[PDB]
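S.K.: Take this structure first; my questions come after.
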Amino acid sequence: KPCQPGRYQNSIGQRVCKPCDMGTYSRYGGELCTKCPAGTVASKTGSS
Amino acid sequence: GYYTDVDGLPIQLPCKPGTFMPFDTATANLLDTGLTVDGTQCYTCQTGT
């Protein structure tokens, strides 16, 4: 299953999705958290 | 019967039907030789159970 938004998983064979850090966001799936672009803000950990 | 696969889970999630989480490896009644329990692993029921 893909890691639902707010999480990420940069590995193979992992059974869990790590949560995104503060100031970063991720959508469904995603191999890595995306740094939030200029002019936008991520407030909490695992921001969708 | 409960597990926390990832760190920081607010509550211990219950094991889904078909699996189980024994109190300890020593008291695990039906577990294979090489399997150990630590609280982050849900083990499926054996064949016949």
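Note on naming: chains are A, B, ... as they come in the structure tokens, residues start from 1 per chain, ligands start from 1 in the order shown.
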Should the cut-off be 12 Å, what would the residue list for chain B against chain A look like, counting only C-alpha atoms, as an MDAnalysis selection string?
M.R.: chainID B and resid 4:9 40:42
S.K.: Please, could you write that set of residues out with C-alpha atoms as an mmCIF file, in the first residue's frame?
M.R.:
```cif
data_model
loop_
_atom_site.group_PDB
_atom_site.id
_atom_site.type_symbol
_atom_site.label_atom_id
_atom_site.label_comp_id
_atom_site.auth_asym_id
_atom_site.auth_seq_id
_atom_site.Cartn_x
_atom_site.Cartn_y
_atom_site.Cartn_z
ATOM 1 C CA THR B 4 3.094 -0.350 18.169
ATOM 2 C CA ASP B 5 4.946 -0.844 14.886
ATOM 3 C CA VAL B 6 6.262 2.730 14.650
ATOM 4 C CA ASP B 7 7.493 4.989 17.427
ATOM 5 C CA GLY B 8 5.208 7.680 18.789
ATOM 6 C CA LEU B 9 1.878 5.931 18.261
ATOM 7 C CA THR B 40 5.890 -4.613 17.342
ATOM 8 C CA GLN B 41 4.954 -7.802 15.469
ATOM 9 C CA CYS B 42 1.578 -9.477 14.946
#
```
S.K.: Report as a PDB file with N, CA, C and O atoms, in the first residue's frame all protein, DNA and RNA residues lying within 10 Å of segment 41-47 of chain A, evaluated on only C-alpha atoms, omitting residues in the same chain fewer than 5 positions from it.
M.R.:
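Produced file out_28.pdb, reproduced below:
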```pdb
ATOM      1  N   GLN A   4       0.198   6.969   2.942  1.00  0.00           N
ATOM      2  CA  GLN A   4      -0.811   8.006   2.832  1.00  0.00           C
ATOM      3  C   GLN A   4      -0.202   9.366   3.171  1.00  0.00           C
ATOM      4  O   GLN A   4       0.837   9.439   3.830  1.00  0.00           O
ATOM      5  N   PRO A   5      -0.824  10.459   2.717  1.00  0.00           N
ATOM      6  CA  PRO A   5      -0.170  11.770   2.813  1.00  0.00           C
ATOM      7  C   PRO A   5       0.197  12.129   4.243  1.00  0.00           C
ATOM      8  O   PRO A   5      -0.524  11.815   5.191  1.00  0.00           O
ATOM      9  N   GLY A   6       1.339  12.796   4.384  1.00  0.00           N
ATOM     10  CA  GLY A   6       1.935  13.079   5.663  1.00  0.00           C
ATOM     11  C   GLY A   6       3.085  12.166   6.028  1.00  0.00           C
ATOM     12  O   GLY A   6       3.870  12.506   6.919  1.00  0.00           O
ATOM     13  N   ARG A   7       3.209  11.024   5.361  1.00  0.00           N
ATOM     14  CA  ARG A   7       4.263  10.064   5.637  1.00  0.00           C
ATOM     15  C   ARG A   7       5.137   9.882   4.403  1.00  0.00           C
ATOM     16  O   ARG A   7       4.855  10.411   3.326  1.00  0.00           O
ATOM     17  N   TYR A   8       6.213   9.122   4.579  1.00  0.00           N
ATOM     18  CA  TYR A   8       7.123   8.803   3.488  1.00  0.00           C
ATOM     19  C   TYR A   8       7.888   7.544   3.860  1.00  0.00           C
ATOM     20  O   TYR A   8       7.911   7.135   5.023  1.00  0.00           O
ATOM     21  N   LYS A  18       7.507   6.359   7.706  1.00  0.00           N
ATOM     22  CA  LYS A  18       7.980   7.371   8.631  1.00  0.00           C
ATOM     23  C   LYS A  18       7.218   8.678   8.416  1.00  0.00           C
ATOM     24  O   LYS A  18       6.849   9.012   7.289  1.00  0.00           O
ATOM     25  N   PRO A  19       6.968   9.434   9.481  1.00  0.00           N
ATOM     26  CA  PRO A  19       6.240  10.694   9.333  1.00  0.00           C
ATOM     27  C   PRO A  19       7.145  11.822   8.864  1.00  0.00           C
ATOM     28  O   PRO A  19       8.335  11.875   9.181  1.00  0.00           O
ATOM     29  N   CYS A  20       6.555  12.733   8.096  1.00  0.00           N
ATOM     30  CA  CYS A  20       7.295  13.873   7.580  1.00  0.00           C
ATOM     31  C   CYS A  20       7.682  14.823   8.707  1.00  0.00           C
ATOM     32  O   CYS A  20       7.004  14.917   9.733  1.00  0.00           O
ATOM     33  N   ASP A  21       8.789  15.530   8.505  1.00  0.00           N
ATOM     34  CA  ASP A  21       9.282  16.461   9.504  1.00  0.00           C
ATOM     35  C   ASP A  21       8.517  17.779   9.433  1.00  0.00           C
ATOM     36  O   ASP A  21       7.719  18.023   8.525  1.00  0.00           O
ATOM     37  N   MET A  22       8.769  18.635  10.419  1.00  0.00           N
ATOM     38  CA  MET A  22       8.140  19.949  10.448  1.00  0.00           C
ATOM     39  C   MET A  22       8.598  20.784   9.260  1.00  0.00           C
ATOM     40  O   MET A  22       9.779  20.797   8.905  1.00  0.00           O
ATOM     41  N   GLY A  23       7.652  21.484   8.642  1.00  0.00           N
ATOM     42  CA  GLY A  23       7.951  22.304   7.488  1.00  0.00           C
ATOM     43  C   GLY A  23       7.976  21.576   6.164  1.00  0.00           C
ATOM     44  O   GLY A  23       8.307  22.195   5.145  1.00  0.00           O
ATOM     45  N   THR A  24       7.641  20.290   6.136  1.00  0.00           N
ATOM     46  CA  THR A  24       7.615  19.517   4.906  1.00  0.00           C
ATOM     47  C   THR A  24       6.261  18.838   4.764  1.00  0.00           C
ATOM     48  O   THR A  24       5.560  18.593   5.746  1.00  0.00           O
ATOM     49  N   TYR A  25       5.898  18.539   3.520  1.00  0.00           N
ATOM     50  CA  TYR A  25       4.612  17.933   3.221  1.00  0.00           C
ATOM     51  C   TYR A  25       4.798  16.839   2.181  1.00  0.00           C
ATOM     52  O   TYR A  25       5.764  16.839   1.415  1.00  0.00           O
ATOM     53  N   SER A  26       3.853  15.902   2.162  1.00  0.00           N
ATOM     54  CA  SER A  26       3.888  14.800   1.214  1.00  0.00           C
ATOM     55  C   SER A  26       2.467  14.369   0.892  1.00  0.00           C
ATOM     56  O   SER A  26       1.571  14.449   1.736  1.00  0.00           O
ATOM     57  N   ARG A  27       2.274  13.909  -0.337  1.00  0.00           N
ATOM     58  CA  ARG A  27       1.001  13.384  -0.798  1.00  0.00           C
ATOM     59  C   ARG A  27       1.046  11.859  -0.792  1.00  0.00           C
ATOM     60  O   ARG A  27       1.970  11.244  -0.250  1.00  0.00           O
ATOM     61  N   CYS A  33       9.929  13.195   1.681  1.00  0.00           N
ATOM     62  CA  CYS A  33       9.167  14.390   2.006  1.00  0.00           C
ATOM     63  C   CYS A  33       9.619  15.555   1.137  1.00  0.00           C
ATOM     64  O   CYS A  33      10.813  15.734   0.879  1.00  0.00           O
ATOM     65  N   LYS A  35      10.173  19.462   0.543  1.00  0.00           N
ATOM     66  CA  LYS A  35      10.331  20.738   1.225  1.00  0.00           C
ATOM     67  C   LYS A  35       9.275  21.718   0.732  1.00  0.00           C
ATOM     68  O   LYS A  35       9.105  21.909  -0.475  1.00  0.00           O
ATOM     69  N   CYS A  36       8.564  22.328   1.668  1.00  0.00           N
ATOM     70  CA  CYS A  36       7.439  23.183   1.308  1.00  0.00           C
ATOM     71  C   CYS A  36       7.941  24.420   0.573  1.00  0.00           C
ATOM     72  O   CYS A  36       8.884  25.071   1.037  1.00  0.00           O
TER      73      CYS A  36
END
```
S.K.: Which polymer residues have any atom within 7 Å of an atom of residue 15 of chain B, counting only C-alpha atoms, with same-chain residues fewer than 5 positions away left out, as a ChimeraX atom specification?
M.R.: /B:1-2,20-21,42
S.K.: Near residue 36 of chain B, counting only C-alpha atoms, which residues have an atom at most 10 Å away, once you skip same-chain residues fewer than 4 positions from it, shown as a PyMOL selection string?
M.R.: chain B and resi 22+24-26+28+31-32+41+43
S.K.: Atoms to include: N, CA, C and O atoms. Write the selected residues as a CSV table (one decimal), in the first residue's frame.
M.R.:
```csv
chain,number,residue,atom,x,y,z
B,22,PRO,N,1.2,-12.7,21.7
B,22,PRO,CA,1.3,-13.3,23.0
B,22,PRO,C,2.0,-12.4,24.0
B,22,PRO,O,2.7,-11.5,23.6
B,24,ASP,N,4.5,-13.2,25.9
B,24,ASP,CA,6.0,-13.4,25.8
B,24,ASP,C,6.3,-14.7,25.0
B,24,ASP,O,5.4,-15.5,24.8
B,25,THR,N,7.5,-14.8,24.6
B,25,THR,CA,7.9,-16.0,23.8
B,25,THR,C,7.8,-17.2,24.7
B,25,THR,O,7.4,-18.3,24.2
B,26,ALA,N,8.2,-17.1,26.0
B,26,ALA,CA,8.2,-18.2,26.9
B,26,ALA,C,6.8,-18.7,27.1
B,26,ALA,O,6.6,-19.9,27.1
B,28,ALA,N,4.3,-18.1,25.0
B,28,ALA,CA,3.6,-18.3,23.7
B,28,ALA,C,3.3,-19.8,23.5
B,28,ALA,O,4.2,-20.6,23.3
B,31,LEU,N,3.9,-21.1,18.9
B,31,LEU,CA,4.8,-20.3,18.1
B,31,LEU,C,5.9,-21.1,17.6
B,31,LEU,O,6.4,-22.0,18.3
B,32,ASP,N,6.4,-20.9,16.4
B,32,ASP,CA,7.5,-21.6,15.8
B,32,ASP,C,8.8,-21.3,16.6
B,32,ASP,O,8.8,-20.4,17.4
B,41,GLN,N,5.1,-6.8,16.5
B,41,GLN,CA,5.0,-7.8,15.5
B,41,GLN,C,3.7,-8.6,15.8
B,41,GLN,O,3.6,-9.1,16.9
B,43,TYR,N,1.6,-11.9,14.9
B,43,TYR,CA,1.9,-13.2,14.3
B,43,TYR,C,0.6,-13.9,13.9
B,43,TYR,O,-0.3,-14.0,14.7
```
S.K.: Can you tell me, as a PyMOL selection string, which residues in chain A count as strand (DSSP E or B) by DSSP?
M.R.: chain A and resi 7-8+18-19+24-25+34-35+47
S.K.: Report the distance between atom CA of residue 49 of chain B and atom CA of residue 3 of chain B in Å, rounded to one decimal place.
M.R.: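 Interatomic distance here is 21.0 Å.
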